[PDB]
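Here you get one chain, nothing else, as structure tokens; it is the form deposited in one PDB entry.
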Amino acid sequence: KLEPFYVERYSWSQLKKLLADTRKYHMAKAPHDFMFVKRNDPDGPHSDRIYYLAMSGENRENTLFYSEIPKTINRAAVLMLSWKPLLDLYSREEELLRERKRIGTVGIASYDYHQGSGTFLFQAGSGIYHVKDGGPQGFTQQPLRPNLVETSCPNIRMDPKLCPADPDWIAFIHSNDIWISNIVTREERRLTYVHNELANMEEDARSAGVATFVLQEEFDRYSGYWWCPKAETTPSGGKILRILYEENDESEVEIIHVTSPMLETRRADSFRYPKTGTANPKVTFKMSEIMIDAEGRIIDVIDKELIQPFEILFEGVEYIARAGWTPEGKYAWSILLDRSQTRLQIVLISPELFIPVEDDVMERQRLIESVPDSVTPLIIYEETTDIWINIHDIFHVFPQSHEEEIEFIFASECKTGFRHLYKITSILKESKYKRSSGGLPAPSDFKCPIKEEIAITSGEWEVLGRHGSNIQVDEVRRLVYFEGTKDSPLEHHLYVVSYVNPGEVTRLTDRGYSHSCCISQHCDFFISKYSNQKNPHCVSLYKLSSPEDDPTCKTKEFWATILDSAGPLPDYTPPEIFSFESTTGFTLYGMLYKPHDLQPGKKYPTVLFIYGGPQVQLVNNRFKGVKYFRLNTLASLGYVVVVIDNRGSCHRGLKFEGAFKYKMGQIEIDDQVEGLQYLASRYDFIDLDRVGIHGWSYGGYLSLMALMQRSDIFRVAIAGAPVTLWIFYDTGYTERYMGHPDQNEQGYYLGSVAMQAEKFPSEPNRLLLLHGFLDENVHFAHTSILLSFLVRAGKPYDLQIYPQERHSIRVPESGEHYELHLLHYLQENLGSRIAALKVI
């Protein structure tokens, strides 16, 4: 055998300096939310102005910038675009939204724009502001002082949107009701009256226009209202504007208490948290109909409800996943899920389906009878799966050729097990169901027949539709731009394909990098944010053209750099990606960080960093030197570091993901250990007697499962924010992967760490629990209940709390302490001479 390498035993103070010195040379948002606006100046040198959000440097606010795209370039040179700033200068609601969106940025997080006017609308903290650039008014050559939208509202205004039909009007949320405001006339008007700010949340559980917790946390829907994009003209010379909105009633949702951040207060905030197996909010759709006169004064506002209840019209629907309008405004649409998340429906909802709210019963009947039986909801698409529906942002509706026909592109994993693009044409027929007759509809009564369903894409690879990945459709050339894994599961690339006669898929991005892309609305440019394992993130602009002979065919030319990378970082060596053929039948991928200054004939302690849950892939060809820089730091101290994407992880198709359905915690460690054993047979420097594991959230969960199941392999486990009882986690996530608890008694038992506390070791210095005290996602109770049972069972543990932190670690001091304590714990209980010496 080989002699063990012991890591150098630094003091706490020494380690603190070491970590400080290595952070001080080495967190600043790359450009995002791009939009392209044509200059339309035939004598001028620029084709387009691009607008984007970004941070200028470290410790600077996220704001709007523009850059000028020239008509031509010098192809001998590389053009660096100047960032010209567009502008010249937290509530509980903001804090929580930032937690749900996972945003560490200070300042402007998003913006709205209206092409025809050039009006930008954005929140910046307390205020809602607007400015004009790039419509009729023209293009600024310097930063603009914005205009504050006046209000009489006492509380934070959230979720501002411009009316696409009239950019004088905005909507927003205030104290969970919808308001509108005219930015020229200054008229302000409340539309919904479902919440009372003055009441306790315990008595007042209604809201309008907001996505509730599970929707923000588990489906990435943050808005609950949608402007109709067109205005209906009136005989008076006026108009009608429309807002579709979700109305929620959380009355029957369980109330939990989370410690208030103001620890001095010794108080706790109420949250509506739908735990697994308990009531989700009672949802419905409503519509606000807003009549405006000839000079922009409101005449009247009519609040309208569905002609029959949501539960009757949309049998079995638990969640409104997505909603919007068709481009013409003829129909509202929605993507709807059942509770088990195995049936998706895409449904068109005519405005004629809504009637005035009328508590008077004689008049209500008059209003019900006035709506014809022919007006029904139209299920244009329905799919099922034995695994789960993964919601995405891809849904493109074409202009209507015929009143009785709708054409759209959607994406789905349900046919083949990989997400692909499909062009569907559905028939809008009169339903067999007639309200008149006084019955209830059978489930199939609103289903439309499918005329055609053609696959645009196919194969053993996915189209991406989350995290800003979407499609862009060119209706002139009849093409669709999308991102996908076709070339490699370790790289994202941009592709184009014909939707009309689908065939050759053309890759637009270069191999050897993973890419995150944005296509211009005009379909003549795209941007790629790209990196690889060796090289930090860059952002570049590419011009799209087609040959004279064939408008279908697309080519790419480099145009300009928006963001140059820092070169390779000097105090950072990347990991090697490896793979192994698993006994499970899949190729699994991993990353190996070898120890630095690797002495021959010595074997080194090993740390397995792990996530291992759904919706995430760790192993790919992206730069890891920012986010996973401390994995490199561990390697520099003489730990082997390993990361493995087990089954259940992302970007391998639905079957791969589906491996842990009903069985969370039961399979992931088998893969981790298999990878570990693959490495150890190939590399004698891995000391399998000194293996540690660490992860956060799902990673914390698995770190516990590893110690509990495989104490023969894992010497120490360091579990951050672990799920320890799946019954405490929420409906949307838990039930998706694990079903209802009654239908999976053994899965809930075996997958819940805290039900199995007897299986922990009776040796100390092996288990370390870390948790943000104020975590409203994974409640501290996961940790406290575990400890309750550990104590009852006579087992040792170590604990660290981050009393000012939620799920994330936001305050830098908290992160410095976490990093320091982690390295020190590993030093003392895994890597050093003293660690091996204290083993009993």
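When you see a residue number, it is the position in the sequence shown, counting from 1.
Heads up, the form deposited with a small molecule bound isn't pictured, but that's what we're talking about next.
From the list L631, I243, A560, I180, which entry has a heavy atom within 4.5 Å of the small molecule in the deposited complex?
Here the answer is residue option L631.
Which residue, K627, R297, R186, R267, has a heavy atom that falls within 4.5 Å of the small molecule in the deposited complex?
The option sitting close enough to the partner is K627.
Taking the small molecule as it sits in the deposited complex, is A721 in contact with it (heavy atom to heavy atom, 4.5 Å or less)?
Yes, contact at 4.5 Å.
Contact between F609 and the small molecule in the deposited complex at 4.5 Å, heavy atoms?
Yes, contact at 4.5 Å.
Does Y818 make contact with the small molecule in the deposited complex, using a 4.5 Å heavy atom cut-off?
Output for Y818 is yes: heavy atoms within 4.5 Å of the small molecule.
With a cut-off of 4.5 Å between heavy atoms, is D48 one of the residues that contacts the small molecule in the deposited complex?
It does not: once the small molecule is placed as it appears in the deposited complex, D48 has no heavy atom within 4.5 Å of it.
Tell me whether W696, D775 and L823, taken together, all sit within 4.5 Å of the small molecule in the deposited complex, counting heavy atoms only.
Yes, the whole trio is in contact, each within 4.5 Å by some heavy atom.
Only one of 51-59, 33-41, 805-813, 66-74 has heavy atoms within 4.5 Å of the small molecule in the deposited complex; I'd like to know which.
Of the options given, it is 805-813.
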